[PDB]
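Provided below as C-alpha cells are two forms of one protein chain, presented individually as structure 1 and structure 2.
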Structure 1
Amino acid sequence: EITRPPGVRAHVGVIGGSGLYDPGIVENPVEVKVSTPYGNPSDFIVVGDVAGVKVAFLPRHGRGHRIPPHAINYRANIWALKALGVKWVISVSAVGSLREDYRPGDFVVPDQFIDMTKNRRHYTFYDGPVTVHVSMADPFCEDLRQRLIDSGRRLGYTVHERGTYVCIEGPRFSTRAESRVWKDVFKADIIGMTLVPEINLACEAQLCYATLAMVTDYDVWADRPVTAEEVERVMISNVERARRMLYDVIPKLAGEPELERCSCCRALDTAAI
C-alpha cells in the first residue's frame, strides 16, 4: 500500500478512543495516511514505539468522537492496519452490562459475540470472485485474550475472563423488551455497538484481535437507563486504567501470536473457494 509518509510499518494495532494515546509514552509518533480501496480510515493512524514495539493507534470514532458506530469505515480501518503489517489488534471498548456482577468500572475480556447489527453495509472483505467463509466459532484471539486478563490481574483490576457481547445496531440504545431478550433469552453478558464487523474483518485479515471492554453502565437495568453522557463519563473516569493495561500488555507483544491459540491467524487456509 502507499503510505504518507512512505515506508511506515507497525506490529500492534490499538483501536479505541483517541484518549488511549499518550504522547508521554509513544516514541517518535507520526501521523500516517495509509491508502485503502475503501477510502479514509476514521482518522490518521498514529504510529510510534512503546518499549520497542511499533504500535499503530486508530480511534474508531475519530478524534473528537465524530463517527458513530454505524458510520465507521470498518473495512478501511482494518485494511489500513493490515497494510501496515500489524499482527495483533487490541480493541478497547465501552460496553453495557446485563448482569449485576459485571459492574461499571470492571474490565471484561469477551470470548463470544452475537451479531444483532443490520446496517453496516459490508460484513466482509470478500465479495468475489474468491469466496471466503472464515470460521469464527471462537472469534477472538485466545493468546491476546489471556494476555489482557493477565495484565489486569497483575495490576489488581477486575477483569472478567469471559463474556458474550451482543452487538446492536444503534445508535439508539436498547428498549427494555430488547434488553430482556439479550439478557434472559440470549443469555448475553455485555452489549455494545462497534464489535461487528470490525472483528469479522480482523479475522479475515488473519489478525490476532481481542477486545478489552470496560463496563460503563447496566443498560436498562439500573434505576435510570443508560445515557451517552453516562457512558462517556464513566469511560473517561476509567481511561487511565485502560491505558495502564495497554502499556503493560504492548511491550510483551514483540513476538507473534501463537498459531494454536489464534483462531484467525491462518483463517484463509481453509476458508477460500
Structure 2
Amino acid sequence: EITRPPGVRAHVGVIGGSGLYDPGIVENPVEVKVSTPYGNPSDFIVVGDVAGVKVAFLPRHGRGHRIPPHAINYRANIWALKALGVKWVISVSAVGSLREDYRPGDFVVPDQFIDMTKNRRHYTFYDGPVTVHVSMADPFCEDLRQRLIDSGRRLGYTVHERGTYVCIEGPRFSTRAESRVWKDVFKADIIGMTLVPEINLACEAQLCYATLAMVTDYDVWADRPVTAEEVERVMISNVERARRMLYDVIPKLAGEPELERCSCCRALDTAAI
C-alpha cells in the first residue's frame, strides 16, 4: 500500500538466508520501507537493477543475522514483496545434508518438503472470513526450479535437481535420534529451519517461489556434529558462487512465469470458500 520512498516497484524478489545479508548484485540501490498489516519486515528492502530487471532484496534474518528462524515475521516479509509487484521469488538458504552424496558446497534445488515446525504462530494469511486451503502437492515453482538448475549447469557447479527438505523448529539442531528419523524413516534429503511458513505464504500470494539451497554440513552424521559457526563459515566461503548464479538467472526472468509450470500462480481460483 504505502512505500517510502513512494512509487517503487520490483519484478524479482530475492530472499537471502544465512551468510547473505547484503545484495551485492543490485546496481543503483534504494532502501525501501513497505507498509504491511503485520508490522516490520526483517529489514529494509533493497531495490535496484540487474541487467535491466528490477530486483528486491530482503535478508530474512536482517542485516547482521539479528532474527532467528522462529522470530521472523514471515507474513510481513511476503506481504512486502507482493506489494512491490514481484512475480518471482528466489530464496537462498543454507541446509544440512542427510545423504553422503549431497556434499558441503553442493547446491540443491528441492522439489518437496515436510513441515516439522511447531512455533511459527501463523501458517497462512487467511484466518477468515474467506477460508483458503491452497493445494501444495507440488509446492515449488517448476519454471523457476528449472531455470536455477540450468544456470548451475552452465556455470559448472554441482546442482542436485531434486530433494525433500525437512523443516525443523530450532533454534537448537537435531538430536541423533531425531536425525535418524528424518533420514531413515522420512527419507528426507536436506534439513533447514526457515522454509516454513515462508513457502506457504508465497503460494497463497500467487508467487513463483523456488529455493536455491547450499549444503553447509552433514547434520549429526560427520565425526563432528553441525555447529552454527561452521554453517556461517561455509556460506560466507561460497556466497560468491551464489551471487554468480543470481547474476546468471535474473536477466532471464524479465518475463512472466509459465502458468502450466507454476503450481501456485492461480492458487486462489480453487482454494477459496
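For clarity, a rigid core is taken as the largest C-alpha set superposing within 1.5 Å between two forms. The first residue in the sequence of structure 1 is number 1, and each one after it adds one.
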item: Rigid-core frame, C-alpha of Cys265, shift of 2 angstroms or more between the two structures; value: no
item: Shift of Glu256 between the two structures at or above 2 Å (CA, core fit); value: no
item: Value in Å for the CA shift of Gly17 between the two structures, taken after the core is superposed; value: 3.9
item: For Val26, CA displacement between the two structures after the core is overlaid, in Å; value: 1.9
item: Core-referenced Cα shift (Å), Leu144, between the two structures; value: 0.2
